[PDB]
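The figures that follow rest on heavy atoms only: side chains count, while hydrogens, waters and symmetry mates do not. Lettering follows sequence order; numbering is per chain, from 1.
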Amino acid sequence: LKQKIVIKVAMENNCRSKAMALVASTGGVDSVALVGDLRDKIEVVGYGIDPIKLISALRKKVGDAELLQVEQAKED
Amino acid sequence: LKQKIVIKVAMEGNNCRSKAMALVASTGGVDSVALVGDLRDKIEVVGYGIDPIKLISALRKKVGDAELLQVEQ
Amino acid sequence: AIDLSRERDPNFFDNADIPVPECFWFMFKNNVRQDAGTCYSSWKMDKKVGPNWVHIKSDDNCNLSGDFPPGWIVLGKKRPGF
């Protein structure tokens, strides 16, 4: 079933549009959302997302990225 | 200025789904993008100063057809 | 110094097709708020708490326990409606 993950990415040109675009485009993604006190984190929910392949992809195209959270969906 | 926009898109495979979520998610002032519906064939976008006209226009150019189901504020 | 009754709610997005997480969490270093988000009650998440990954457990009233690095804590709260 579904994993919830939170990613801090550096977003200062349009690294905000790039990070969301890249994350949104990844296999198995159900939702991407700007979260955290400063809207500097991306929370991703889905199935079969490799967090490390995703951190790596972001670092390559956008700039710095850091996995900060993994939570399984509680289904009951 | 807080919007919810639900678009039905023709996404006939893994790639078209990816390309459409790429394009909605890249739009200025998007806070969140979610695949919605029992069949995951609708894109919910929430945010601020999103132009639904251009969003629809662009999708229509790139991935397949696109219909505006919902705009509420 | 830490009083959750005075902490503004976190920014969140509740995915439509998984259950709504019952708890708000709030991360402090030396009683300064660093971030906040949501997590399930009667559950567990893995969280980067400053330098270290922490396994954090939640009970049925959103009390969080975990091995926080010196100076740091993550504290829980029932969201409105749970």
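- The nearest pair of heavy atoms linking B/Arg17 to A/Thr26 is NH1-O, 2.9 Å.
- A salt bridge is defined here as a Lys NZ or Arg NE, NH1 or NH2 lying under 4.0 Å from an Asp or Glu carboxylate O, and A/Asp37 with C/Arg8 meets this definition.
- Counting only distance, with no hydrogens or angles, the side chain of C/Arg79 and the backbone of C/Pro21 share a donor-acceptor pair below 3.5 Å.
- Here the NZ-CG distance, from C/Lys48 to C/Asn52, works out to 8.5 Å after rounding to the nearest 0.5 Å.
- Considering only heavy atoms from C-beta on, C/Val54 comes within 4.5 Å of C/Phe68 through its side chain.
- For the pair B/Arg40 and C/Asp17, the salt-bridge criterion is not met [side-chain N within less than 4.0 Å of a carboxylate O].
- Using a 4.5 Å heavy-atom threshold, the side chains of B/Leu59 and B/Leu23 count as touching.
- Inter-residue side-chain proximity for C/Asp35 and C/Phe26 is flagged as unmet; no heavy-atom pair is nearer than 4.5 Å.
- Scanning all heavy atoms of the two residues, the minimum distance from C/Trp72 to C/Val49 falls at CB-CG1, 3.7 Å.
- Both C/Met27 and C/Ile56 are assigned to one and the same hydrophobic cluster, defined by single-linkage of ILVMFWY side chains at heavy-atom distances under 4.5 Å.
- Between the side chains of C/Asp60 and C/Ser42, not a single donor N or O lies within less than 3.5 Å of an accepting N or O.
- One hydrophobic cluster holds both B/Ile56 and B/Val33 under the rule that ILVMFWY side chains link at heavy-atom gaps under 4.5 Å.
- Residues C/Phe12 and C/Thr38 come closest through the heavy atom pair CB-CG2, 3.8 Å.
- Other residues, nucleotides and ligands contribute over 12 non-hydrogen atoms within 6.0 Å of the NZ atom of C/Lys78.
- Two residues are said to be in side-chain contact when any heavy atoms from C-beta on lie closer than 4.5 Å; B/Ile5 and B/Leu68 meet this criterion.
- For B/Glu72 and B/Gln70, the side-chain atoms include at least one donor-acceptor pair closer than 3.5 Å.
- Separating the CD1 atom in A/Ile52 from the CG atom in A/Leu54 is a distance of 11.0 Å, to the nearest 0.5 Å.
- Across C/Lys77 and C/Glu7, no two heavy atoms sit closer than the pair NZ-O, 4.1 Å.
- Distance OG/B/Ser57 to CG/B/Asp51: 7.5 Å, rounded to 0.5 Å.
- The closest side-chain heavy-atom distance from A/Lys8 to A/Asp40 is below 4.5 Å.
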ask   = Yes or no on side chain to side chain contact (heavy atoms under 4.5 Å, CB included) for C/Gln34 and C/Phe28, after CA distance, side-chain angles and deciding distance?
value = CA-CA 6 Å; C/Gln34 303 299 301; C/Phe28 305 76; 5.7 Å; no

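- Heavy-atom neighbours of C/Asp67 CG from other residues, nucleotides or ligands within 6.0 Å: at or below the threshold of 12.
- Residues C/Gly37 and C/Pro10 come closest through the heavy atom pair O-CG, 3.4 Å.
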task = Check step by step if disulfide (SG to SG under 2.5 Å) holds for C/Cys39 and C/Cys23.
result = CA-CA 5 Å; C/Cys39 58; C/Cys23 315; 4.7 Å; no

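- No more than 12 heavy atoms of other residues, nucleotides or ligands shown are found within 6.0 angstrom of NZ on B/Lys19.
- When the shell of 6.0 Å around CZ of C/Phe82 is examined, it contains more than 12 heavy atoms from other residues, nucleotides or ligands.
- In this structure, the side chain of C/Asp3 engages the main chain of C/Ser5 through a donor-acceptor pair within 3.5 Å.
- Hydrophobic clustering (side-chain heavy atoms under 4.5 Å, transitive across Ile, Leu, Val, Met, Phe, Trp, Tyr) groups B/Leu35 together with A/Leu34.
- In A/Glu75, the CD atom is not crowded: 12 or fewer heavy atoms of neighbouring residues, nucleotides or ligands sit closer than 6.0 Å.
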query = Yes or no on side chain to side chain contact (heavy atoms under 4.5 Å, CB included) for C/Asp59 and C/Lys57, after CA distance, side-chain angles and deciding distance?
reply = CA-CA 7 Å; C/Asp59 71 0; C/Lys57 288 187 204 292; over 6 Å; no

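- Residues B/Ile50 and B/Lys4 fail the side-chain proximity criterion, which asks for heavy atoms closer than 4.5 Å.
- Within the 3.5 Å criterion, the main-chain N or O of B/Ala66 finds a donor-acceptor partner in the side chain of B/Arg60.
- Without hydrogens or angle criteria, A/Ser25 side chain to B/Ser18 main chain gives no donor-acceptor distance under 3.5 Å.
- Residues C/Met45 and C/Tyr40 form no side-chain contact, since every pair of their non-hydrogen atoms from C-beta on lies 4.5 Å or further apart.
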request  = Show your reasoning for whether salt bridge (charged side-chain N to carboxylate O under 4.0 Å, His left out) applies to B/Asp31 and B/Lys2.
outcome  = CA-CA 10 Å; B/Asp31 286 9; B/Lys2 174 63 108 87; 5.1 Å; no

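- With a 4.5 Å cut-off on side-chain heavy atoms, B/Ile43 and B/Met21 count as touching.
- For the pair C/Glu22 and A/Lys74, the salt-bridge criterion is met [side-chain N within less than 4.0 Å of a carboxylate O].
- Between the CZ atom in C/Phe24 and the SG atom in C/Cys62 there is a gap of 10.0 Å [rounded to 0.5 Å].
- No hydrogens or angles considered: a donor-acceptor pair under 3.5 Å links the side chains of A/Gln72 and A/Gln3.
- No donor-acceptor distance shorter than 3.5 angstrom exists from the side chain of C/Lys47 to the backbone of C/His55, with no hydrogens or angles considered.
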ask   = Can you list the steps and then say if A/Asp64 with A/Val9 is a side chain to side chain contact (heavy atoms under 4.5 Å, CB included)?
value = CA-CA 6 Å; A/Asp64 229 293; A/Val9 325; over 6 Å; no

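- Closest approach of A/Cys15 and A/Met11 over heavy atoms only: CB-CA, 3.7 Å.
- Follow the hydrophobic side-chain contacts under 4.5 Å out from A/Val29 and you never reach C/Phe13; the two are in separate clusters.
- Using a 4.5 Å cut-off between side-chain heavy atoms of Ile, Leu, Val, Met, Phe, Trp and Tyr, with links allowed through other members, C/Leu64 and A/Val35 fall into different hydrophobic clusters.
- Between the B/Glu44 side chain and the B/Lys42 main chain, no donor and acceptor come within less than 3.5 Å of each other.
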